[PDB]
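Dumping the structure here so I can ask a few things about it.
Naming: A, B, ... by sequence-line order, numbering from 1 per chain.
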Protein chains: 6
Amino acid sequence: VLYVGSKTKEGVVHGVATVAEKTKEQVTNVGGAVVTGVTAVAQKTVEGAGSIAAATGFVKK
Amino acid sequence: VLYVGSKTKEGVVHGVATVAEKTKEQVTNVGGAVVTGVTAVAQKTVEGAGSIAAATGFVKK
Amino acid sequence: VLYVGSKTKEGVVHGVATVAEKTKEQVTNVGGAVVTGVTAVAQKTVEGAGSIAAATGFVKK
Amino acid sequence: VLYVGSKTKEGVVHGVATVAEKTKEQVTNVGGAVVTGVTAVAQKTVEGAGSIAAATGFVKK
Amino acid sequence: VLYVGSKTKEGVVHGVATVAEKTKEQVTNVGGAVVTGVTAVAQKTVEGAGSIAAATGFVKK
Amino acid sequence: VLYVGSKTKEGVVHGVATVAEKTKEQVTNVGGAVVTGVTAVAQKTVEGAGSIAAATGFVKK
């Protein structure tokens, strides 16, 4: 068996330029979940769940 | 067996330019889930679930 | 067996330019799920579910 | 005399997003003038000449 | 005489995002003038000449 | 005479984000003038000439 991994790329982010001009930014949360403003995020998972911008209100039993 | 992985790309983001000009940005949440503003996100999952901008209100039993 | 993977691309995003000029942006959520504003997102999943901008109100039993 | 200058805008540039993906860029010049790649330039002149991307080969007498 | 200058803007640049991905960039010049790559430049001139990306090969007499 | 200068802006640059990914950048010059790579430059001139990215090969008499 011969695996040759040359310059491979998995879960990669490069060359990102952003500008944000906001006068007012407000977030109100009451017993939930809120995710805002996620930029230039990379990951790699092996034998597991991969979530990036995940939000769940609640879990009950 | 001979696997030759040359310059392959999987789950890759590059060359992104964004500008956002907002006067007011408001988020109100009551017992739910809210995801906003996700930019330039890359990932790779093996033997698992891959979610990026996932929102779920709630889970009950 | 000989697999030769040359410069292949799977789940790739490049060369994206966006401008957003908004005066007011409002999100109200009561016990649901809301996903807004997803830009330049790439992923690759193997043996799993791949969701990007997924929203589910709630799950009950 | 009453001049009221409220939020006026003269020679203004805002909200610009550009991406350039070039493999090779070459410029050869022999005794001339070359102007390339001008982005997001603003100016205001009073009692004078306003040139932005101006090129002149040569002047002789 | 009453001049009221409120929030006026003259020769202004804001909110600029750029990405440049080049493998090779070459400039050869022999006895001339070359201007390249000018981004987000603002100016204001009063009683004079305003040039931004100006190139002139030569002047002789 | 009453001049009221409130929050005026003249020759202003703000909110600039740039990324440059180059493998090779070369400039060769023989008896000329070369200007490259000018970013986020602001100025104001009163009773004079305003040049930003100006190049002149030569002047003779």
Side-chain angles (χ1 to χ4, degrees), chain A residues 1-16 18 33-57 59, chain B residues 1-18 33-59 61, chain C residues 1-16 18 33-59 61, chain D residues 19 21, chain E residues 19 21, chain F residues 19 21:
Chain A
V1 178
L2 170 52
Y3 175 105
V4 177
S6 191
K7 323 166 181 176
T8 69
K9 292 158 68 164
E10 296 161 58
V12 172
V13 172
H14 58 101
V16 179
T18 64
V34 173
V35 178
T36 66
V38 185
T39 316
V41 170
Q43 80 164 339
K44 187 191 176 183
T45 314
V46 177
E47 297 169 358
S51 293
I52 301 288
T56 305
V59 183
Chain B
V1 178
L2 170 53
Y3 175 106
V4 177
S6 191
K7 322 166 181 176
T8 69
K9 292 158 68 164
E10 296 161 58
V12 172
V13 172
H14 58 101
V16 179
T18 64
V34 173
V35 178
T36 66
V38 185
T39 316
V41 170
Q43 80 164 339
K44 187 191 176 183
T45 314
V46 177
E47 297 169 358
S51 293
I52 301 288
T56 305
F58 59 83
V59 183
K61 295 297 166 66
Chain C
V1 178
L2 170 53
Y3 175 106
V4 177
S6 191
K7 322 166 181 176
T8 69
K9 292 158 68 164
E10 296 161 58
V12 172
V13 172
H14 58 101
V16 179
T18 64
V34 173
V35 178
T36 66
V38 185
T39 316
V41 170
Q43 80 164 339
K44 187 191 176 183
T45 314
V46 177
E47 297 169 358
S51 293
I52 301 288
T56 305
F58 59 83
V59 183
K61 295 297 166 66
Chain D
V19 172
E21 292 182 342
Chain E
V19 172
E21 292 182 342
Chain F
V19 172
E21 292 182 342

Can you sort out the partners of C:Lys7 under side chain to side chain donor-acceptor pair (under 3.5 Å), two or more places apart, ordered by chain and number?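 Not a single residue meets the side chain to side chain donor-acceptor pair (under 3.5 Å) criterion with C:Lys7.
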Would you check if there is a donor-acceptor pair between the side chains of B:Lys9 and C:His14 at a distance under 3.5 Å?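 Note: C:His14 and B:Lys9 side chains miss the donor-acceptor criterion.
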Could you list the donor-acceptor pairs under 3.5 angstrom formed by side chains in residues 33-52 of chain A, with sequence neighbours left out?
from, atom 1, to, atom 2, distance (Å)
A:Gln43, NE2, B:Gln43, OE1, 2.9
A:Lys44, NZ, A:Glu10, OE1, 2.8

